[PDB]
Amino acid sequence: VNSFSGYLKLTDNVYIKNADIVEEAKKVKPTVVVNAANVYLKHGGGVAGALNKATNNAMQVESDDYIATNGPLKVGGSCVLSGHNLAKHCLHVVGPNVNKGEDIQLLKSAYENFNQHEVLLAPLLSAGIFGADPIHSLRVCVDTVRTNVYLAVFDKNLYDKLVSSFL
Ligand SMILES: O=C1CC[C@@H](c2cccs2)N1Nc1ncnc2[nH]cc(I)c12
């Protein structure tokens, strides 16, 4: 039993909810919140901009030190950093950004990072300003993640379409 509330169960291990991931993280304080990161960990907009804002820019400060030491992530890759006031840990995962021409096949590799964590609160990777089809992203998530994932979908209209169209 865990503290997530109000989720629709899609499969044995995948759950979904219309919610703001920032507000969901602040309420649940999960072990892992997933960020929709880019390879430079520049958290300017979308989910990343919102999560970083909620940490009062501490996420960005930590991230800049990480990049200075380690260099950029790979598309499809991830790193574990602090969750600050939102979670114990933040798993920064880089899905392909279609608006940059990145290969959508890398979306499966991105979701594979979730399997290193027993339970996660997460957005749909590569959705929103990353330009991929959120219905497809949900399909890849369900077919790739085997650990327990709680998906937060900010847009109510999108959430209803994802549920209604889910096979
Ligand atoms: O609703 C969706 C569907 C795809 C995804 C993205 C689209 C472009 C970049 S990410 N998204 N965003 C969010 N999901 C949950 N909480 C959130 N808080 C702030 C935001 I913005 C946000």
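In this chain, residues are counted from 1 in sequence order. No hydrogens, no waters, no symmetry mates; every other heavy atom, side chains included, goes into these values. Atoms within each ligand, like the ligands themselves, are counted from 1 in listed order.
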What is the closest protein heavy atom to [atom], and at what distance does it sit?
| atom | result |
| --- | --- |
| atom 4 (C) of ligand 1 | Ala127 CB, 2.9 Å |
| atom 5 (C) of ligand 1 | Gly128 N, 3.7 Å |
| atom 9 (C) of ligand 1 | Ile129 N, 2.8 Å |
| atom 21 (I) of ligand 1 | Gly46 C, 3.6 Å |
| atom 19 (C) of ligand 1 | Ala50 CB, 3.8 Å |
| atom 16 (N) of ligand 1 | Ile21 N, 2.9 Å |
| atom 2 (C) of ligand 1 | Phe154 N, 3.9 Å |
| atom 18 (N) of ligand 1 | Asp20 OD1, 3.0 Å |

When you compare the side chain of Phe154 with that of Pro123, does any pair of heavy atoms fall below 4.5 Å?
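Sidechains of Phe154 and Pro123: no contact.
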Under 3.5 Å, side chain of [X] to main-chain N/O of [Y], donor-acceptor pair present?
| X | Y | result |
| --- | --- | --- |
| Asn57 | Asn52 | no |
| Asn13 | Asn148 | no |
| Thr147 | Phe114 | yes |

Group every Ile, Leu, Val, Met, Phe, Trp and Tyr by side-chain heavy-atom contacts under 4.5 Å, then state whether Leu81 and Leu73 land in the same group.
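They do share one cluster, since a chain of ILVMFWY contacts under 4.5 Å joins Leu81 to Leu73.
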For the residue pair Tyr7 and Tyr150, does the interplanar ring angle fall in the parallel (under 30°), tilted (30 to 60°) or perpendicular (over 60°) class?
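Perpendicular, since the angle between the ring planes exceeds 60°.
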Using a 3.5 Å cut-off on N or O atoms only, is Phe130 in polar contact with ligand 1?
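Checking ligand 1 against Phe130, no N or O pair falls under 3.5 Å apart.
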Backbone, side chain, both or neither: what part of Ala36 comes under 4.0 angstrom of ligand 1, heavy atoms only?
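No part of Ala36 is near ligand 1 at this cut-off.
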Determine whether the side chain, the backbone, both or neither of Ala19 has a heavy atom under 4.0 Å from any heavy atom of ligand 1.
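Backbone only.
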How far does CG of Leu162 sit from CG of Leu151, to the nearest 0.5 angstrom?
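It is 9.0 Å, given to the nearest 0.5 Å.
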So which of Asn18, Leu51, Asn99, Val47 gets nearest to atom 22 (C) of ligand 1, if we judge by its closest heavy atom?
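When every heavy atom of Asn18, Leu51, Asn99, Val47 is considered, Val47 comes closest to atom 22 (C) of ligand 1.
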As a check for students: among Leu124, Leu158, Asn35, identify the option with a heavy atom nearest to atom 3 (C) of ligand 1.
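When every heavy atom of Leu124, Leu158, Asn35 is considered, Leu158 comes closest to atom 3 (C) of ligand 1.
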Between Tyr159 and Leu8, is a side-chain contact (heavy atoms from CB on, under 4.5 Å) present by the stated rule, with each step listed?
CA-CA 11 Å; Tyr159 168 86; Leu8 181 68; 3.8 Å; yes
Yes or no: does [X] have any heavy atom under 4.0 Å from an atom of ligand 1?
| X | result |
| --- | --- |
| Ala152 | yes |
| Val22 | no |
| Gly45 | no |

Has [X] got more than 12 heavy atoms of other residues, nucleotides or ligands less than 6.0 Å from its [atom1]?
| X | atom1 | answer |
| --- | --- | --- |
| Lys17 | NZ | yes |
| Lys29 | NZ | yes |
| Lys88 | NZ | no |

State the atoms of ligand 1, each with its element, that fall below the 4.0 Å cut-off from a heavy-atom position in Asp155.
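Every atom of ligand 1 under 4.0 Å from some heavy atom of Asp155: 1 (O).
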